[PDB]
Amino acid sequence: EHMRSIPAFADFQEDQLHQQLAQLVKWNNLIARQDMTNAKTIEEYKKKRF
Amino acid sequence: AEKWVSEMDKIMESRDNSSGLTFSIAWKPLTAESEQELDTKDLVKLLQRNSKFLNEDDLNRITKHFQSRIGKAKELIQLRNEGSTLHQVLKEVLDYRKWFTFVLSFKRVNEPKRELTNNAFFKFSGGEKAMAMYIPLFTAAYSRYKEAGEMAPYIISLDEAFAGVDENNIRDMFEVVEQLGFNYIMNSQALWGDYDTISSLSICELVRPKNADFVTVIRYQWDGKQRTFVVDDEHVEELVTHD
Amino acid sequence: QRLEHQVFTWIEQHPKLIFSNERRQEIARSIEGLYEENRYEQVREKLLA
Amino acid sequence: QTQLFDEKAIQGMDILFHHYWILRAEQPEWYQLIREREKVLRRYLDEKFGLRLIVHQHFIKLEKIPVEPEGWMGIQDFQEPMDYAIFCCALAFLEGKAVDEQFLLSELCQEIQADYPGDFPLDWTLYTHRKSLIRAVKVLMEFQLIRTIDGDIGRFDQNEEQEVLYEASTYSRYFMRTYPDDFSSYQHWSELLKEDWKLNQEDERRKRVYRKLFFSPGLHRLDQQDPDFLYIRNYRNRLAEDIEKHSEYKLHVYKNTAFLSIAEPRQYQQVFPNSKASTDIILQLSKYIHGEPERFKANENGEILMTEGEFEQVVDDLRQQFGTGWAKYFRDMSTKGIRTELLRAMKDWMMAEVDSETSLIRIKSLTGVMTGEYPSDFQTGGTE
Amino acid sequence: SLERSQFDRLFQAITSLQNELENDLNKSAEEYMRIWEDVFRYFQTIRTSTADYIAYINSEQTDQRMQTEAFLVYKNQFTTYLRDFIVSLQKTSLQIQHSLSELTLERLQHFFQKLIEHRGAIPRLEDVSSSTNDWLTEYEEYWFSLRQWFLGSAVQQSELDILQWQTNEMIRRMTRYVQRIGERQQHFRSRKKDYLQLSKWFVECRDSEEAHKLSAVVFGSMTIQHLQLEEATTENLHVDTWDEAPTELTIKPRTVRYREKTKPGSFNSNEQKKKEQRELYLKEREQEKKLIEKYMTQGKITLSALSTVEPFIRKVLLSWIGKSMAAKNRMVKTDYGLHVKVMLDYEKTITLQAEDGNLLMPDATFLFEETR
Amino acid sequence: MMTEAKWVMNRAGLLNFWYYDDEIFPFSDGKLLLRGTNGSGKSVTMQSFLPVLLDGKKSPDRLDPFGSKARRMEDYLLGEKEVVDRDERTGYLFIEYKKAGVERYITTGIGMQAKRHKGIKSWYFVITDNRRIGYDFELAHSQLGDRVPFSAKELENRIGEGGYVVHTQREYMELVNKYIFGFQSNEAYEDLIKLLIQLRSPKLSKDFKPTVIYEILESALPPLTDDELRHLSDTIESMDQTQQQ
Amino acid sequence: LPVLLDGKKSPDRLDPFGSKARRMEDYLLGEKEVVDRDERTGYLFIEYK
Ligand SMILES: Nc1ncnc2c1ncn2[C@@H]1O[C@H](COP(=O)(O)OP(=O)(O)O)[C@@H](O)[C@H]1O
């Protein structure tokens, strides 16, 4: 959402965001947790989100 | 509520009543049952205390008083075996209408103000009784509207209109209602609304003897002197033609 | 229900035809009982009347 | 300052009876109303009925344990035993899920399939099994035992691949009451009743009579010396006075039956007569029985005995006379089907019994309380 | 971490503003600009604080954080927010709301004009083409925003009120979640064996009736049923229902041939009934009026004069006599439009005769007034 | 500036309501006085008109004079089963305000459908185009030969251009206030209606003495609506539950 | 009646059923608020011919 708010990246997509975020966690910029606690749709439940 | 009572008293003082009497009402805080609690009178004084004069110390005191009241609510739950949920006990402890009481007062001509207890009321004459009983109610229903805009029609609805007022004095009650300027729907078993103080009025008579499934409406009219029938213009045309 | 609507929209578009209240009741009920009691013939027969 | 049984208490009692339980999160008005009088309700229920009223933070529940179970009592949305089995297995599954835990419909189906205790495995490739599971899940959702994260279970009927995301709600814990011993030591449901009444030895008879009156549509005289009916006969007046005082109902007593009538049934209540067409034929049959007292002379116990053939003949006679006015559902169905449907309906209301051995039909005296007919102008219309 | 003096600073600024407005524009323009600057700097500070805090409270971070120990972290952060921010809001909002109630646009426009003076004094090199009236409107809209924030409006709940109500809702939510954690931890005494035993029992059932019976015994009856009847017609314990008089119902035939309705029904518009009833009632009234008129003598009735009277007139006269003594003026009213005055002499043995009985009573006179 | 021109109530209708079939009571300069032998409806009519049409709340307490729960709105709408052989109806109540000294009319009315002890719908409406029911507007078309009161959709269609139709008491009360009364708040309107209800209670006629006035006024003050206490009671109950656990 | 038949003035003889709603003392005095009395002496007597 924040990426889409900025005019330059307003057209952002989830896939490029995931590529960059995986890249970042490779650099230890972030602490990754797996989202197994709650969901809102079937696919969200099946997804091993973070 | 205090503003409402203040407006009501202002209106009750700002008129002269045909019975040679003037009324005034006040909404005063009561004294608590005993000193075994934070006396509710202190809390009421703090609440009525003007905001400008409020200060952090008074805020702390008010919070303390409310804490005490809630503690009393829990204590009452435990002590009263009725098993009522805490919600009821809170709604009882914090109900402010119990903290205040009304006091009606009347002032005969050039005599000191007095409180209107039942006993004093019975000494009154019929017109005095009617005025005392039906000025506070009408003046209250009129005070409420003053909160309203200028488009509002001052409506009231009286059931068994004025039952109890001695037949002669109902004239004065209608005079009062006329003066305030109410629009109303009143029902009665014997009231005919032929009193000369009523500028204009519409009377409908219902008839269905015991079990008939249809109500028959006989619509009259009034103009202050005489009570004619009503025949509707379109209905006059239809009646002329339908013969 | 839609057919009833169309029939009584056909009447009210033709003001020169005088369908009394009683005949309107007759048509209403005859439509109301389509294919359970009476075929369509009893409706259009009254319109044609 | 003491409480008294008043309009609020009567309303609370009716609400308690006519629902399985009341939930705070969904019925806040009813929950609040019931709780305020909860002291008086507990006292009265304990003294007269003996039912345990369970008042909790999230719900209020009256453990309506019947004196003698009857067909209409059970969960009505279910139509086969397999539905009950799947319902119980689903509950067992929910015991394994923490509150607000989320599980997919496939997991629930798999666990139910694994646990299902029958000799014959539960299989999802069938239509009937999937329909049974959908009915079970619908009843579960009715009691808010499980909430639905968006999806659609109805499609499961025609698409076994359907998927749904469900959430175990807190109420699942409290749904089923507690049982006396290690419940597994018992071998048949009848043994449960012998326990639940082992706690009510004190004035068992009064609680018995009150439960039968309030729960069942009627109370039939077992024989000439039925103790419950003897009790009612001995205390007709005070029973009537107490019941009128404490509830809307008014007692009736006859030689062979006793029941409570209700004058102004509120929305949530079930009553006879009602909209369902089968009642119309029940009223017509009642009138037809009234009309031939010598042919259908009731035996001393108030029963009227007829064989399936005789009942079918009666139904044919009714189809001849009043059939023109029956609902199109029955007008198009053969005699034996009408007999089956009418007998199911009359069973639900304890109007009649099908004799287990001889297939003999027993029409109970309760049927003769009410009779119905078409308006005379239509009947003359039926002549035209 | 917020500052507990936020509302204290804003209150001091508004207090100085009140102090100067009481002096009625008798001071320099720079003072007014500084006062306004302090006031709205602090107000914008508070506005940012409330925006951020309400975002924190609403945070879906909280909503997912309920399911863990992290909620404890959220609880600590939330209680810090309440203890630093909202407590000050509660202590100072009342006085602020009062002061803002005092200060409308009317008490401010001269102060706006002097603010404008100082604004002109500033050598603004910006794109200042907006007229002095534009500066006035900017300041007025700013102050109206402040007034709406605290006092709200007759059509919208103030910002303060919405903030406070959301805070209370969140407090209830958090306490209830702690309750739920207690519930989750305590109760776990699983019943699984009971449920599987129950399923085993149910599958053994032959047919639906047996299964429903078992469900009733196990879970308990899900409802109750009863017969509808309008009255406790019978009272006889000794008669079988068949031999008793049944209760008769009107079965509605389930064919439109007779009647069946789902959409709004029709009524009869029974005007002829009403016409008949009105005419009969008014005829009765007129005839009674005439019967009263029949005895009128020179505009009044004196009982001693009456020779023989209709029983109805006797009853009407007794009604009048009774009613008259109730009213001190001894005036009476009648449905015929006739005011009636009743005077009583009570030393007399006078007989009022009719077809039935001779009533001895004290003499009376009845005057009728001119209803014109 | 001038004063606004005050509204006045001159007309009051019923349509297939109670034993009323099609009646419209006129007001002479905003005043009206029903009368008749007891058991004739002199009370039920007024209860139907006021204060029901002012806010639209129809719960038994509002109709009930004692404040008890004797009769529901359905019972008034359908009438005693022992008298009228019907179990389904659609009734219309409405009042017609007129601006004194001008020829503009605003109507407000309720629409109900009831099936004996089966549940009662309701829809409220307000007409603002200066049409008057019975002169250039109607509620029951003669189509099909009989008279059928309009259903919700038809009423919305005919009114929709000139007025609003709503299906919730809150919206109706806000509309009526906004147009006729113009209170600057909903709370004041609610308290006014509470006082009007109190006036219309019968304790005056019997116990004619001042302490009745104290009870009437004391009952007029608005108490703490359960919502405001709900946060406090819920929170304290949860905290005490935690303590016990 | 029946007071002067026997003389039993207890509330059970006054109330139409026997309740304690109203008592002979108030009947003699008259209700508290309606009158200022607090003491009185009265008589009741029937005459037979
Ligand atoms: N639901 C009901 N239950 C009992 N009586 C009803 C009901 N509805 C209407 N009634 C009738 O309403 C009629 C008029 O009542 P009401 O006008 O309030 O008395 P009054 O005119 O003397 O003030 C009564 O004759 C009563 O029978």
# chains A, B, ... in the order shown; residues from 1 in each chain; ligands from 1
$ residues_around --residues "residue 2 in chain A" --least-positions-apart "3" --cutoff "12 Å" --atoms "only C-alpha atoms" --output "ChimeraX atom specification"
/A:5-14,17
$ closest_atom_pairs --of "chain A" --to "chain D" --cutoff "7 Å" --atoms "only C-alpha atoms" --output "Markdown table"
| residue | atom | partner | partner_atom | distance |
| --- | --- | --- | --- | --- |
| A:40 | CA | D:149 | CA | 6.4 |
| A:41 | CA | D:150 | CA | 6.5 |
| A:42 | CA | D:165 | CA | 5.6 |
$ write_last_selection --atoms "N, CA and C atoms" --output "PDB file, in the first residue's frame"
ATOM      1  N   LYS A  40      -7.985 -14.629   6.395  1.00  0.00           N
ATOM      2  CA  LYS A  40      -9.236 -14.005   5.997  1.00  0.00           C
ATOM      3  C   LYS A  40      -9.846 -14.655   4.763  1.00  0.00           C
ATOM      4  N   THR A  41      -9.068 -15.402   3.985  1.00  0.00           N
ATOM      5  CA  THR A  41      -9.604 -16.115   2.835  1.00  0.00           C
ATOM      6  C   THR A  41      -8.946 -17.483   2.761  1.00  0.00           C
ATOM      7  N   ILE A  42      -9.562 -18.369   1.981  1.00  0.00           N
ATOM      8  CA  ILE A  42      -9.058 -19.736   1.870  1.00  0.00           C
ATOM      9  C   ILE A  42      -7.612 -19.721   1.398  1.00  0.00           C
TER      10      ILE A  42
END
$ residues_near_ligand --ligand "ligand 1" --cutoff "6 Å" --atoms "only C-alpha atoms and all ligand atoms" --output "number ranges by chain"
F: 38-44, 71, 75-76, 79-80
$ residues_around --residues "residue 208 in chain B" --least-positions-apart "4" --cutoff "12 Å" --atoms "only C-alpha atoms" --output "short mmCIF file (atom, residue, chain, number, x, y, z; two decimals) with C-alpha atoms, in the first residue's frame"
data_model
loop_
_atom_site.label_atom_id
_atom_site.label_comp_id
_atom_site.auth_asym_id
_atom_site.auth_seq_id
_atom_site.Cartn_x
_atom_site.Cartn_y
_atom_site.Cartn_z
CA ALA B 212 -69.39 -3.26 15.89
CA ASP B 213 -66.25 -3.52 13.78
CA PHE B 214 -66.50 -0.01 12.29
CA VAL B 215 -65.94 3.35 13.98
CA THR B 216 -68.44 6.05 13.04
CA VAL B 217 -67.02 9.58 13.10
CA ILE B 218 -69.39 12.54 13.49
CA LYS E 273 -72.67 1.12 7.57
CA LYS E 274 -71.27 4.41 8.84
CA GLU E 276 -76.70 4.23 8.85
CA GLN E 277 -75.03 4.41 12.25
CA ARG E 278 -74.63 8.19 12.12
CA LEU E 280 -79.60 6.42 13.78
CA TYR E 281 -77.45 7.94 16.52
CA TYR F 19 -61.62 -0.80 13.26
CA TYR F 20 -61.06 2.43 11.37
CA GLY F 36 -67.36 9.32 22.85
CA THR F 37 -68.72 6.64 25.14
CA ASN F 38 -66.03 4.51 26.76
CA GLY F 39 -64.83 1.54 24.76
CA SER F 40 -65.20 3.44 21.49
CA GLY F 41 -61.57 4.29 20.67
CA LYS F 42 -61.16 7.80 22.08
CA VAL F 83 -64.85 -8.71 16.31
#
$ closest_residue --among "E:64, E:58, E:28, E:6" --to "chain A" --atoms "only C-alpha atoms"
E:64
$ closest_atom_pairs --of "chain G" --to "chain B" --cutoff "10 Å" --atoms "only C-alpha atoms" --output "JSON lines"
{"residue": "G:32", "atom": "CA", "partner": "B:119", "partner_atom": "CA", "distance": 8.8}
{"residue": "G:33", "atom": "CA", "partner": "B:119", "partner_atom": "CA", "distance": 5.4}
{"residue": "G:34", "atom": "CA", "partner": "B:119", "partner_atom": "CA", "distance": 6.6}
{"residue": "G:35", "atom": "CA", "partner": "B:119", "partner_atom": "CA", "distance": 7.5}
{"residue": "G:36", "atom": "CA", "partner": "B:119", "partner_atom": "CA", "distance": 7.7}
$ residues_around --residues "residue 27 in chain G" --least-positions-apart "3" --cutoff "12 Å" --atoms "only C-alpha atoms" --output "list in words"
residues 9, 10, 11, 14, 15, 21, 22, 23, 24, 30, 31, 32, 40, 41, 42, 43 and 44 of chain G
$ atom_distance --atom1 "CA of residue 261 in chain D" --atom2 "CA of residue 13 in chain D"
16.1 Å
$ select_by_dssp --residues "chain G" --states "helix (DSSP H, G or I)" --output "number ranges by chain"
G: 3-6, 11-14, 24-29
$ write_last_selection --atoms "N, CA, C and O atoms" --output "PDB file, in the first residue's frame"
ATOM      1  N   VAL G   3     -70.274  -4.239  60.783  1.00  0.00           N
ATOM      2  CA  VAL G   3     -69.629  -3.737  61.992  1.00  0.00           C
ATOM      3  C   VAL G   3     -70.622  -3.640  63.140  1.00  0.00           C
ATOM      4  O   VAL G   3     -70.349  -4.099  64.254  1.00  0.00           O
ATOM      5  N   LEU G   4     -71.793  -3.053  62.897  1.00  0.00           N
ATOM      6  CA  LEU G   4     -72.734  -2.860  63.993  1.00  0.00           C
ATOM      7  C   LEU G   4     -73.547  -4.113  64.275  1.00  0.00           C
ATOM      8  O   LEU G   4     -74.364  -4.116  65.200  1.00  0.00           O
ATOM      9  N   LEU G   5     -73.368  -5.169  63.486  1.00  0.00           N
ATOM     10  CA  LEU G   5     -74.034  -6.427  63.802  1.00  0.00           C
ATOM     11  C   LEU G   5     -73.348  -7.127  64.969  1.00  0.00           C
ATOM     12  O   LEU G   5     -74.014  -7.694  65.842  1.00  0.00           O
ATOM     13  N   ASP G   6     -72.016  -7.105  64.995  1.00  0.00           N
ATOM     14  CA  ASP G   6     -71.262  -7.718  66.079  1.00  0.00           C
ATOM     15  C   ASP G   6     -70.355  -6.736  66.798  1.00  0.00           C
ATOM     16  O   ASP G   6     -70.277  -6.764  68.029  1.00  0.00           O
ATOM     17  N   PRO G  11     -59.368  -5.114  60.585  1.00  0.00           N
ATOM     18  CA  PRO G  11     -59.344  -4.847  59.139  1.00  0.00           C
ATOM     19  C   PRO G  11     -59.956  -5.959  58.321  1.00  0.00           C
ATOM     20  O   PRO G  11     -60.501  -5.695  57.242  1.00  0.00           O
ATOM     21  N   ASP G  12     -59.886  -7.201  58.799  1.00  0.00           N
ATOM     22  CA  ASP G  12     -60.441  -8.312  58.036  1.00  0.00           C
ATOM     23  C   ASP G  12     -61.929  -8.122  57.773  1.00  0.00           C
ATOM     24  O   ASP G  12     -62.439  -8.584  56.747  1.00  0.00           O
ATOM     25  N   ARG G  13     -62.641  -7.451  58.679  1.00  0.00           N
ATOM     26  CA  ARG G  13     -64.060  -7.198  58.457  1.00  0.00           C
ATOM     27  C   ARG G  13     -64.294  -6.011  57.531  1.00  0.00           C
ATOM     28  O   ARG G  13     -65.372  -5.898  56.938  1.00  0.00           O
ATOM     29  N   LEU G  14     -63.314  -5.117  57.395  1.00  0.00           N
ATOM     30  CA  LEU G  14     -63.513  -3.950  56.543  1.00  0.00           C
ATOM     31  C   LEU G  14     -63.124  -4.232  55.099  1.00  0.00           C
ATOM     32  O   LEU G  14     -63.901  -3.950  54.182  1.00  0.00           O
ATOM     33  N   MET G  24     -59.767   0.676  60.455  1.00  0.00           N
ATOM     34  CA  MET G  24     -60.841   1.471  61.040  1.00  0.00           C
ATOM     35  C   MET G  24     -60.349   2.836  61.513  1.00  0.00           C
ATOM     36  O   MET G  24     -61.103   3.817  61.459  1.00  0.00           O
ATOM     37  N   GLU G  25     -59.106   2.921  61.993  1.00  0.00           N
ATOM     38  CA  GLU G  25     -58.607   4.186  62.523  1.00  0.00           C
ATOM     39  C   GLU G  25     -58.646   5.279  61.462  1.00  0.00           C
ATOM     40  O   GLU G  25     -59.099   6.400  61.723  1.00  0.00           O
ATOM     41  N   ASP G  26     -58.180   4.970  60.251  1.00  0.00           N
ATOM     42  CA  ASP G  26     -58.223   5.957  59.181  1.00  0.00           C
ATOM     43  C   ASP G  26     -59.653   6.262  58.765  1.00  0.00           C
ATOM     44  O   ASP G  26     -59.966   7.406  58.420  1.00  0.00           O
ATOM     45  N   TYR G  27     -60.530   5.261  58.788  1.00  0.00           N
ATOM     46  CA  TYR G  27     -61.927   5.519  58.469  1.00  0.00           C
ATOM     47  C   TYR G  27     -62.510   6.546  59.423  1.00  0.00           C
ATOM     48  O   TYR G  27     -63.249   7.444  59.005  1.00  0.00           O
ATOM     49  N   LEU G  28     -62.186   6.440  60.711  1.00  0.00           N
ATOM     50  CA  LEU G  28     -62.624   7.463  61.653  1.00  0.00           C
ATOM     51  C   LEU G  28     -61.980   8.807  61.341  1.00  0.00           C
ATOM     52  O   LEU G  28     -62.671   9.820  61.202  1.00  0.00           O
ATOM     53  N   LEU G  29     -60.652   8.835  61.220  1.00  0.00           N
ATOM     54  CA  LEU G  29     -59.960  10.113  61.092  1.00  0.00           C
ATOM     55  C   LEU G  29     -60.152  10.725  59.712  1.00  0.00           C
ATOM     56  O   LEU G  29     -60.308  11.945  59.585  1.00  0.00           O
TER      57      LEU G  29
END
$ residues_around --residues "residue 112 in chain E" --least-positions-apart "2" --cutoff "8 Å" --atoms "only C-alpha atoms" --output "PyMOL selection string"
chain E and resi 108-110+114-116+136+139-140
$ residues_around --residues "range 30-47 of chain C" --least-positions-apart "5" --cutoff "12 Å" --atoms "only C-alpha atoms" --output "ChimeraX atom specification"
/C:1-8,10-11,14,17-20,22-25 /D:324,327-328 /E:254-261 /F:144
$ interface_residues --of "chain F" --to "chain B" --cutoff "6 Å" --atoms "only C-alpha atoms" --output "list in words"
residues 4, 6, 7, 8, 19, 20, 27, 28, 30, 31, 32, 33, 34, 35, 36, 37, 40, 42, 83, 180, 181, 182, 183, 192, 200, 205, 210 and 233 of chain F
$ closest_atom_pairs --of "chain A" --to "chain E" --cutoff "10 Å" --atoms "only C-alpha atoms" --output "CSV"
residue,atom,partner,partner_atom,distance
A:35,CA,E:64,CA,9.3
A:37,CA,E:67,CA,6.7
A:38,CA,E:64,CA,7.1
A:39,CA,E:64,CA,9.4
$ write_last_selection --atoms "N, CA, C and O atoms" --output "PDB file, in the first residue's frame"
ATOM      1  N   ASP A  35       3.289 -16.466   9.113  1.00  0.00           N
ATOM      2  CA  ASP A  35       1.945 -16.055   9.525  1.00  0.00           C
ATOM      3  C   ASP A  35       0.985 -17.247   9.516  1.00  0.00           C
ATOM      4  O   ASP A  35       0.196 -17.453   8.594  1.00  0.00           O
ATOM      5  N   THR A  37      -1.130 -17.756  12.214  1.00  0.00           N
ATOM      6  CA  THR A  37      -2.046 -17.531  13.327  1.00  0.00           C
ATOM      7  C   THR A  37      -3.467 -17.204  12.878  1.00  0.00           C
ATOM      8  O   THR A  37      -4.423 -17.621  13.542  1.00  0.00           O
ATOM      9  N   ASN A  38      -3.644 -16.477  11.778  1.00  0.00           N
ATOM     10  CA  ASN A  38      -4.991 -16.125  11.353  1.00  0.00           C
ATOM     11  C   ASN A  38      -5.012 -15.888   9.853  1.00  0.00           C
ATOM     12  O   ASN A  38      -3.972 -15.718   9.214  1.00  0.00           O
ATOM     13  N   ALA A  39      -6.225 -15.879   9.302  1.00  0.00           N
ATOM     14  CA  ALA A  39      -6.429 -15.738   7.870  1.00  0.00           C
ATOM     15  C   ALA A  39      -7.787 -15.100   7.624  1.00  0.00           C
ATOM     16  O   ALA A  39      -8.632 -15.032   8.518  1.00  0.00           O
TER      17      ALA A  39
END
$ closest_residue --among "E:328, E:275, E:372, E:263" --to "residue 115 in chain F" --atoms "only C-alpha atoms"
E:263
$ atom_distance --atom1 "CA of residue 51 in chain E" --atom2 "CA of residue 158 in chain E"
14.4 Å
$ interface_residues --of "chain F" --to "chain D" --cutoff "12 Å" --atoms "only C-alpha atoms" --output "PyMOL selection string"
chain F and resi 68-72+74-75+81+115-120+226-227+230+234+237-238+240-242
